[PDB]
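Everything below concerns the one structure shown next.
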Amino acid sequence: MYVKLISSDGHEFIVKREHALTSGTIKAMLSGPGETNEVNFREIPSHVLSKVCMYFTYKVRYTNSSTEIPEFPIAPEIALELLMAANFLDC
Amino acid sequence: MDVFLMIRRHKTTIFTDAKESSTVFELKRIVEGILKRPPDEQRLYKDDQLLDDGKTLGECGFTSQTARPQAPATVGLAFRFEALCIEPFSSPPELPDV
Amino acid sequence: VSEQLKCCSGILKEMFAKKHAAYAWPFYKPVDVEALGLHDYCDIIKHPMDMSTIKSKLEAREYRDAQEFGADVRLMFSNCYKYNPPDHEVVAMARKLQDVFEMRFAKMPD
Amino acid sequence: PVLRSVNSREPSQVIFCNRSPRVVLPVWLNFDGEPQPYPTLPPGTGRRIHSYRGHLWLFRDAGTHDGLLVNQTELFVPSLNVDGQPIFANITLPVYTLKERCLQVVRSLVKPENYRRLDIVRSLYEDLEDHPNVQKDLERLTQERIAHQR
Ligand SMILES: Cc1ncsc1-c1ccc(CNC(=O)[C@@H]2C[C@@H](O)CN2C(=O)[C@@H](NC(=O)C2(F)CC2)C(C)(C)SCCCCCCNC(=O)C[C@@H]2N=C(c3ccc(Cl)cc3)c3c(sc(C)c3C)-n3c(C)nnc32)cc1
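Protein chains in written order, with the authors' numbering: chain B, 17 to 50, 56 to 112; chain A, 1 to 80, 85 to 102; chain H, 350 to 459; chain C, 61 to 210.
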């Protein structure tokens with residue numbers, strides 16, 4: 017039902033499994049070759070992974086919309102680190 | 001109307017949605033379902049403000065405009085009762101030249 | 350006068366006929382300045398006119414004689430010629446439709 | 061000459077409605093398939109549009125040329141007005157992938173000659189310099205219709 021995403025600096029992020037599967041990397045990590058509940062990221066810190074989880078809820082919420090969706094905001098400060106994270110996670 | 005919350009305590013953080021008409025107690029029922037802690041053993045805060053179990057999330061100030069998917073509203077959580089302690093997220097580095 | 354205004358309705362009825370649609374369609378409804386992206390039509394063209402407006406005035410018996418009806422049909426074409434340069438496709442269409450009108454209007458009983 | 065407007069002289073009353081927070085640049089594909097820029101729509105605004113049956117439209121961020129959706133698809137083609145009813149074209153943001161959304165923000169802050177001075181992997185440089193492009197997307201959409209028809 018839920019999955020746990022852990023950041024480089026301890027922080028745990030409990031997120032719906034269906035939300036986290038938005039990421040190709042996460043989907044591959046806790047699926048099977050031919056299954057786990059926790060995923061640890063050694064190189065993604067709190068302020069980044071928190072924003073990635075916000076993107077998951079946003080993505081699941083507004084893909085079903087048909088009339089108007091809002092912009093996904095990104096503060097200039099986080100922009101560079103969030104890009105590198107988005108690349109690693111394939112979302 | 002759906003409200004998107006970020007339920008926080010120490011170095012834990014739960015991303016979950018809930019109706020505006022939903023009560024503070026029904027949110028404790030979700031926290032129980034995840035962290036395995038009866039509702040009477042938890043408290044919910046909004047910026048150092050105790051929330052009654054009878055009050056709805058709308059009456060607490062969580063609305064469609066405040067609690068959005070891309071920008072969810074923070075809910076404080078405490079167990080036993086311990087003092088409310090939410091560890092802050094890490095700092096982003098200086099805006100790189102350019 | 351009653352029999353002449355009956356002709357006019359018959360003329361306008363034929364100008365709306367599908368056989369003329371290939372070049373008549375621009376003049377069916379009033380000129381929508383927003384839809385056509387025109388910022389000057391209302392400055393140049395003081396009295397807008399179209400077949401739809403004329404049809405209403407015909408059914409509302411607002412035309413006293415056939416010469417009042419013809420004046421408005423010629424205003425419609427005048428507005429088009431006034432606003433557009435002669436090389437524009439709409440002018441060629443206006444002329445082809447006026448060819449039809451002037452032919453029928455010239456066989457008006459008296 | 062596959063994605064192009066048909067030169068029907070059959071009129072079509074349309075409404076363009078900008079329900080994005082971006083300034084929208086409508087692009088009409090002319091009879092040779094060449095893209096033509098039309099006047100931009102401010103955010104939250106709508107307006108009546110005179111177009112014709114079989115005319116291909118495509119909407120963009122006027123500033124960055126980021127692609128936008130129209131009735132939840134990339135291309136808009138007017139039908140014939142049934143009983144003179146207008147055809148509505150509702151322009152919205154797509155749910156961008158977090159990657160493509162981050163590129164947009166990094167592009168809006170960094171000058172193209174300075175992309176090389178960002179401390180990131182070589183594959184993110186080549187993704188930054190690969191600006192959203194009308195000519196690029198038209199190539200994709202052309203091949204999507206070939207496989208769809210076959
Ligand atoms: C302001 C704006 N903001 C965001 S989009 C936008 C916008 C601005 C202008 C327009 C105007 N519509 C177009 O440009 C449409 C959209 C697209 O489907 C392509 N397009 C065309 O008009 C194309 N033409 C055709 O398909 C045909 F001509 C083959 C049938 C173009 C782009 C190849 S040519 C249009 C550009 C030339 C504009 C001439 C400006 N003059 C007028 O509009 C005068 C006006 N002409 C016309 C007229 C124009 C062409 C033709 Cl064969 C017949 C009549 C006219 C009327 S009434 C009426 C219902 C019309 C259509 N009219 C009358 C009477 N007197 N004057 C007129 C639409 C949106």
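Every residue, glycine too, gets a C-beta built ideally from N, C-alpha and C.
Contact list for residue i against chain B, beta-carbon separation under 8 Å
| i | result |
| --- | --- |
| residue 100 of chain A | 101 |
| residue 4 of chain A | 78 and 82 |
| residue 90 of chain A | None at all; the shortest Cβ gap to chain B is about 11 Å. |
| residue 81 of chain C | 91 and 92 |
For residue i, three-class secondary structure by DSSP
| i | result |
| --- | --- |
| residue 45 of chain B | helix |
| residue 150 of chain C | strand |
| residue 100 of chain C | coil |
| residue 182 of chain C | helix |
| residue 72 of chain C | strand |
| residue 10 of chain A | strand |
| residue 17 of chain A | strand |
| residue 362 of chain H | helix |
| residue 123 of chain C | coil |
| residue 112 of chain C | strand |
| residue 65 of chain A | coil |
| residue 371 of chain H | helix |
| residue 81 of chain A | Coordinates for residue 81 of chain A are absent; the numbering of chain A skips from 80 straight to 85. |
| residue 206 of chain C | helix |
| residue 42 of chain A | strand |
| residue 26 of chain B | coil |
| residue 136 of chain C | strand |
Proximal residues of chain C, C-beta to C-beta of residue i below 9 Å
| i | result |
| --- | --- |
| residue 73 of chain B | 158 |
| residue 381 of chain H | 73, 108 and 110 |
| residue 441 of chain H | By Cβ distance, chain C contributes nothing, its closest Cβ being about 12 Å from residue 441 of chain H, past 9 Å. |
Contact set between residue i and chain A, taken where Cβ atoms lie within less than 8 Å
| i | result |
| --- | --- |
| residue 178 of chain C | 100 and 102 |
Amino acids of chain H, ordered along the chain, whose beta-carbon sits closer than 9 Å to that of residue i
| i | result |
| --- | --- |
| residue 97 of chain C | By Cβ distance, chain H contributes nothing, its closest Cβ being about 13 Å from residue 97 of chain C, past 9 Å. |
Within chain B, partners of residue i - CB distance below 7 Å
| i | result |
| --- | --- |
| residue 93 of chain A | 27, 67, 68 and 71 |
| residue 70 of chain A | 75, 79, 91, 93 and 94 |
| residue 11 of chain A | 26, 27 and 28 |
| residue 153 of chain C | 90 and 92 |
| residue 34 of chain A | 18 and 30 |
Presumed contact (8 Å Cβ cut-off) between residue i and residue j, rounded CB distance
| i | j | result |
| --- | --- | --- |
| residue 74 of chain B | residue 21 of chain B | 7 Å |
| residue 60 of chain B | residue 46 of chain B | 6 Å |
| residue 133 of chain C | residue 192 of chain C | No, residue 133 of chain C and residue 192 of chain C are not in contact; Cβ-Cβ is about 17 Å, not under 8 Å. |
| residue 87 of chain C | residue 78 of chain C | So it is not a contact: roughly 14 Å between Cβ atoms. |
| residue 120 of chain C | residue 129 of chain C | Actually they do not touch by this definition, with Cβ atoms about 11 Å apart. |
| residue 377 of chain H | residue 400 of chain H | 6 Å |
| residue 72 of chain C | residue 141 of chain C | 6 Å |
| residue 110 of chain A | residue 44 of chain A | Given a span of 1 to 102 for chain A in the structure shown, any question on residue 110 of chain A remains unanswerable. |
| residue 89 of chain A | residue 10 of chain A | 6 Å |
| residue 42 of chain B | residue 106 of chain B | At roughly 12 Å, the Cβ-Cβ gap does not stay under 8 Å, so residue 42 of chain B and residue 106 of chain B are not in contact. |
| residue 426 of chain H | residue 360 of chain H | Not a contact, Cβ separation roughly 14 Å. |
| residue 91 of chain C | residue 68 of chain C | No, residue 91 of chain C and residue 68 of chain C are not in contact; Cβ-Cβ is about 10 Å, not under 8 Å. |
Amino acids of chain A, ordered along the chain, whose beta-carbon sits closer than 7 Å to that of residue i
| i | result |
| --- | --- |
| residue 181 of chain C | Correct list: empty, because the minimum Cβ distance to chain A is about 15 Å. |
| residue 98 of chain B | 96 and 99 |
| residue 31 of chain B | 15 |
| residue 82 of chain B | 69 |
| residue 165 of chain C | Within 7 Å Cβ-Cβ: nothing; residue 165 of chain C doesn't reach chain A, min ~12 Å. |
| residue 170 of chain C | 102 |
Contact check, residue i vs residue j, beta carbons under 7 Å
| i | j | result |
| --- | --- | --- |
| residue 102 of chain A | residue 165 of chain C | no |
| residue 92 of chain B | residue 81 of chain C | yes |
| residue 227 of chain C | residue 151 of chain C | There is no way to answer for residue 227 of chain C, as the model of chain C reaches only from 61 to 210. |
| residue 4 of chain A | residue 67 of chain A | yes |
| residue 31 of chain A | residue 51 of chain A | no |
| residue 415 of chain H | residue 353 of chain H | yes |
| residue 37 of chain B | residue 162 of chain C | no |
| residue 63 of chain A | residue 29 of chain B | no |
| residue 198 of chain C | residue 63 of chain C | yes |
| residue 35 of chain B | residue 67 of chain B | no |
| residue 188 of chain C | residue 112 of chain B | no |
Residue i CB to nearest heavy atom of ligand 2 below 6 Å
| i | result |
| --- | --- |
| residue 405 of chain H | In the structure shown, ligand 2 is absent; the only ligands present are ligand 1. |
Proximal residues of chain C, C-beta to C-beta of residue i below 7 Å
| i | result |
| --- | --- |
| residue 41 of chain B | The premise fails here: residue 41 of chain B is roughly 12 Å from chain C at the closest Cβ pair, so nothing lies under 7 Å. |
Where residue i meets chain B, residues with beta-carbon distance less than 9 Å
| i | result |
| --- | --- |
| residue 150 of chain C | 87, 88 and 89 |
8 Å Cβ cut-off: residues of chain H touching residue i
| i | result |
| --- | --- |
| residue 195 of chain C | Under the 8 Å cutoff, chain H gives no residues; its nearest Cβ is about 25 Å from residue 195 of chain C. |
8 Å Cβ cut-off: residues of chain C touching residue i
| i | result |
| --- | --- |
| residue 436 of chain H | Under the 8 Å cutoff, chain C gives no residues; its nearest Cβ is about 17 Å from residue 436 of chain H. |
| residue 385 of chain H | 110 |
Any 3 or more C-beta pairs closer than 8 Å across the region 370-382 of chain H and the region 88-102 of chain B
no
Inspect the CB distances between the region 20-33 of chain A and the region 53-67 of chain A and report whether three or more fall short of 8 Å.
yes
Touch test, the region 28-36 of chain A against the region 77-85 of chain B, Cβ-Cβ under 8 Å, three pairs minimum
no
Pairing CB atoms from the region 173-180 of chain C with CB atoms from the region 92-111 of chain C, are three or more of them under 8 Å?
no
Across the region 183-198 of chain C and the region 86-101 of chain C, are there enough close Cβ pairs to call them in contact, namely three or more that are closer than 8 Å?
yes
contact_flag[the region 375-394 of chain H, the region 430-444 of chain H] where n(CB pairs < 8 Å) is 3 or more
yes
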